[PDB]
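Let me begin by presenting the structure, written as structure tokens, before commenting on it.
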Amino acid sequence: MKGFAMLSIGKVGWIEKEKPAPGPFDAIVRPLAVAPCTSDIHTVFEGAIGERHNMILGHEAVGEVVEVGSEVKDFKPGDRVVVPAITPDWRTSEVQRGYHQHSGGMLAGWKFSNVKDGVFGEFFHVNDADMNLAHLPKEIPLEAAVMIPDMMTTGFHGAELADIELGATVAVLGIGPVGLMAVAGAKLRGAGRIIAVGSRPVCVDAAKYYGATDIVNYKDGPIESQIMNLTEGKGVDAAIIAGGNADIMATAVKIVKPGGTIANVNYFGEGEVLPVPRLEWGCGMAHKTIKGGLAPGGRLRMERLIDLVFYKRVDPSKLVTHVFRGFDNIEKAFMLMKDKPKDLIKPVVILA
Amino acid sequence: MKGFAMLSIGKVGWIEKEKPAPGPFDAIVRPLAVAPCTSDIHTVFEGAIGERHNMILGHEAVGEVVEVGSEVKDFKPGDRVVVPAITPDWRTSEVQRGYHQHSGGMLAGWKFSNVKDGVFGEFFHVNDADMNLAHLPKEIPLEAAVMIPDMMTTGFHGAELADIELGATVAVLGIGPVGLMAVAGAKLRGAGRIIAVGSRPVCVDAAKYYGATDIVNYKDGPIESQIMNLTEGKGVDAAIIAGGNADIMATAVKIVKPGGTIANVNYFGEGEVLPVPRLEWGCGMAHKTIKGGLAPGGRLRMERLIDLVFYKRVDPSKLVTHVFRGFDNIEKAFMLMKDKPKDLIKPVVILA
Amino acid sequence: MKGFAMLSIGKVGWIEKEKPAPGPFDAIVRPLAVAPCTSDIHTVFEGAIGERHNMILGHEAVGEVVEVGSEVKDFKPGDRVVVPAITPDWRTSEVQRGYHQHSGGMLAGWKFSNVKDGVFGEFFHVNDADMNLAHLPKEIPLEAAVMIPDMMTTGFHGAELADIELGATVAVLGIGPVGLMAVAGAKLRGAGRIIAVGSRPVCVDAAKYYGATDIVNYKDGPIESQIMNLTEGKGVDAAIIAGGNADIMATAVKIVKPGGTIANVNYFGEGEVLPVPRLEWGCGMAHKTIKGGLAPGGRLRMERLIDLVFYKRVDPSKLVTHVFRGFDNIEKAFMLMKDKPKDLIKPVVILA
Amino acid sequence: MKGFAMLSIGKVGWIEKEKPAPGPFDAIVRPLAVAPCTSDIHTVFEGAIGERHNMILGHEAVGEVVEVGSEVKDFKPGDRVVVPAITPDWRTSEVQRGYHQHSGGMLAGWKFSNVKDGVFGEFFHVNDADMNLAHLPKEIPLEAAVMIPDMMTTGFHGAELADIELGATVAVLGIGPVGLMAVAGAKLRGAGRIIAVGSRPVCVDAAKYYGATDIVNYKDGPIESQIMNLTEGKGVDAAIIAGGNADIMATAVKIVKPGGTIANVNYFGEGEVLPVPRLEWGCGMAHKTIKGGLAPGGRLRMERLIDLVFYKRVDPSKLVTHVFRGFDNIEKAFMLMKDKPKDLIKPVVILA
């Protein structure tokens, strides 16, 4: 009944809450491994989605089922499961339109640490267990598995939105844990040249590991003119935004060729307007499609990504640089996300 | 020959130029019916695509072939043809990528009054007659046929970009001649409710004629607040932008539901940045796809829209509010586009 | 209660069954109007999908909600509803893949008169009311509304699967009620020339009403020869199959041009294989895509087709050639579908 | 000029022909490396596309440009180039419709050893050199590069047509060179499990090399049965057909789940019809899309596959099991393609 929660905007700390009870279709899960996200920094310290009061944080968890509702059919207590960060209500009009990420409202499929208590507690509540849980194979280590709920689905969704054709040249703007899975996702969509944009040397090494053929550091100059030289004025076929300020939107439109695609998965927390360059967008007519999506969730998304991990299509363990232990280290791993060490990509806290 | 040209930014007038000469694959066409476009106002008086010097204007024309190159197979002198605004070079890498509008560079398939002398002349040059001309059936009048090169393909391209599903609710921002064709295109994509946004009474009558079920005038208040009341907070499935300043882009994102599409065909002439509202775009994750395209051209595009007029799927003659006559009246119709009268939609100058 | 049921393969009759009770998410409906389907002839007399025992027939119904479950939120007793022919279980993996029509197994989204008691009873059961019912606007009469559950969604799905481009030439093979809605559907996707294939004058008249520009009589001569002559050897951009024997598949492949689409919504009830002509399929390489699909259902599909009726995009009332009053005439209307007289398109029974 | 030609159906031999001259847009190329194809066996010995007289065989070649026309702007004599098997005329309506493979008619984008003298001569003619040749980087050896013109673009086209989603389970029916590249192609689309169906031990090794996770031998029982056991009766998300008689079409339909795709790239050379099984295709309604395509060609396609080789995304040299050198050994390699020894995958003849 203890959990690390967001007291208000700019203030965090442990609180005490009632242990959640499952509905007939729900499950209660105790976490075996969790991970903090930059998104919890964007909501706490930037108030990007408004004010909260005593909301448990955290949304990336592999856990063990301890209680199921009278209608749960595919999960028993004791089952080890990968919980997706997006756990929608599956009976809404948006699902019938094909957008479960927005089931019941904009971004409403994202429930943990948004409009529902997160996984940073001795237990948490997963709604619609048969639809929003996936069994964890015994062959996948806990550290790699906890990268599936959020980092892998978001990074891969960026590659999916980019509509990569075989052999296409892809740029990945941002090589944090999300952008690194975007680099992997691009390679899984059969990209040829993958140009990664970042600075931290631990991120640059992992980007090459996941298939980046070129590294672009802003120290050499503006990223726009730097990538344009790599492409001899042609540009990239797609640019995946996985970090940066609102101005990175303008950088993306400038480096993508006409007919190319700008695929955003970045959570912009500050700024009122995301700039789109009029001239580099063809004054409205360059066919530079812009996409920006919340990562898919639910049981099928996790099962699909479990197979990709299982059959060795992507190894997410290289995202995990720091492994803590014990509930108390949740606060420390969370604070590592506010001020990132230079040797950090993604921390993981193991609990049992 | 003589032709109405853009002397410099902000100055137009008639000039003297040699009659153009065709290559083995090209044709020389004399115009039978022409029409001016708002796009030529954006370039002349706003300098939206840079400076020009003595460039004949005009890109909407129905003509008669007067000379063909030794390699033209399908067109003879004396053929009456619909000339598209977009006449790309068809042997480029962009065409192999599937974006003929950008063959040779951004917007480079748009040649007339962009990088080439336009149709406001005694003759004009059409590159690759076999690929960029369509035969005009005797059953379609000159006034209806001259709407096909630019207005119809652009409006229909807005509806194509919008990814309309059967029964979807569509908003069209701007009900000038392009937006009027976007209301028609929306209906031809099977839209249910079509909410048109405009004020001019002549345009509103035409909007209803082409399918609009609701008329939104800014007089009642903000367009965003007005459309949200019409849809009980849900919004529209797609929004076609066919006019307005750079702020209309923000309006379209605010009124489109998550997972919807913003389809822009407006030529933005002023401002550096098209604003995209961070919050109403889901902070980057609302799956509100943004598109913006130059209208398709070439022979096949024209033949397909010719069939749409022939089989009575759309009557573009209702766009034509003014019918001038004589080469001299081209200057009259062009300035008539800088300050649109309240009873104007689209003017047409008949020549022979 | 009373109900018109499939006793066994080849025999139908009135039986006695228990009035269904709703689960927490379900509703009980009494029908106000019903219609019989050719699909129930395939099931009973051809045994097309196997034996059945005491299954009430029928899957096209508009009704009145009489009872709802404790969890039903959007529908109360007294509400007049349009009931889709397809009412899937929405919490399955197939829904997460995007194929609700096969929720639980192939064709399993189709419940009425497949794996569940149909609507030809004093009451029927609708699983998951909030997801599988739509409100009926008072402006839409009963006869028209009952064309929405199955005829309109199936025929429109043919047009959806055909991937119709603006101005394309489309052929519709079979112009019973489903094919007539495929003609209308092709019009709602922007088809130019629509070539309808059939012989019965009542259907030919309706096909012209719904937009057919050409009528091909299959008893007049070979369909393939006739359509090639009409298209000057080019073929059509798409052929929608809405009737005929297995060899209509070969006819469709033979008339579609390379890169075109064959879109089947016909329920084939006899024969081991459907033939694809090797040579006219380009020996496997002609890019003639073949689709075949169960019509969409659920609340959203009904609501979108209701808007197409409400805003007068389609008037399905011309499909109704026979209207009867009274429960016992369910038998008469059903045998009408078996006998298929020359003046029949679709019969409706009013129980109001 | 000497050349290995198809004299008539069932007979091949060396003939003498005049050395071709190029049009103003064309190039004459001398082969540095060539490879024979199973498709030529279908053509010569089954007559799958009719009778030919003294047609030089072969459509797989890397060569040196020896002469160009006056309008060729990107290639000079001495340039080493990858020549695609498909070299269409790019100025046709089919290119405008988006299908260069059928430019001028069904399969007409495939010219070499179809409607044009092939690459098995001292020189050959490439039409439209600027559009249909790709520069060959010095880093790619000749034997691997000659897998790009046909094997790689066909197998990858199968993965493209299969509409593969991340993590999906894919079956590849047939693992000769085309099927092995479909295995690599499926991996480049992000497939999870990949079930290869073959029996020759050398092909099984290569299939495991390119990413197969499961091997089904059509000797341990029916393919359909075994694959259903591997998938627990669920089936595969897509099946790529790359070999087999006409019955393989029925096999593919029986193993694909509802909503999945059957993607054929096999050249069927015998049989009047390809059987589609009525029940397992849902009596017409299972949403099992069937595609079948001639492989893409042209400059842009070769360039993108060159990049996938250059950046080490795929290594096609494992396809090459026999390398000879000498013009005369074209006959030797071709006959190996007829009577396929169990250690053969693809032979290559080196000429310089």
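Order of writing sets the labels: A, B, C and D. Residues in every chain begin at 1.
Note that a residue touches a chain if its C-beta (ideal position, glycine included) is under 8 Å from a C-beta of that chain, and two chains touch if they have at least 3 such contacts.
S.K.: Which option, A-D, C-D or B-D, should count as the same interface as A-C once over half of the contact pairs match?
M.R.: B-D
S.K.: I want to compare two interfaces, A-B and B-D. Which one has more contacting C-beta pairs?
M.R.: A-B
S.K.: From the C-alpha centre of subunit B to that of subunit D, how far is it in Å?
M.R.: Comparing mean C-alpha positions, subunit D is 42 Å from subunit B.
S.K.: Please output the residue numbers of subunit A that touch at least 2 other chains, ranges allowed.
M.R.: 97-98
S.K.: Can you list the residues on subunit A that touch subunit C in the complex?
M.R.: 90-91, 93, 95-98, 100, 128, 130-131, 298-301
S.K.: Note which residues of subunit D are touching subunit C in the complex, please.
M.R.: Where subunit D meets subunit C, its residues are 42, 48-49, 94, 97-99, 101-102, 105-107, 241, 246, 249-250, 258-259, 264-269, 271-278, 281-294.
S.K.: Spell out the residues on subunit D that touch subunit A in their complex, using ranges where they run on.
M.R.: By the definition above, subunit D touches subunit A via 156, 160, 165-169, 185, 187-194, 213, 303-308, 310-311, 313.
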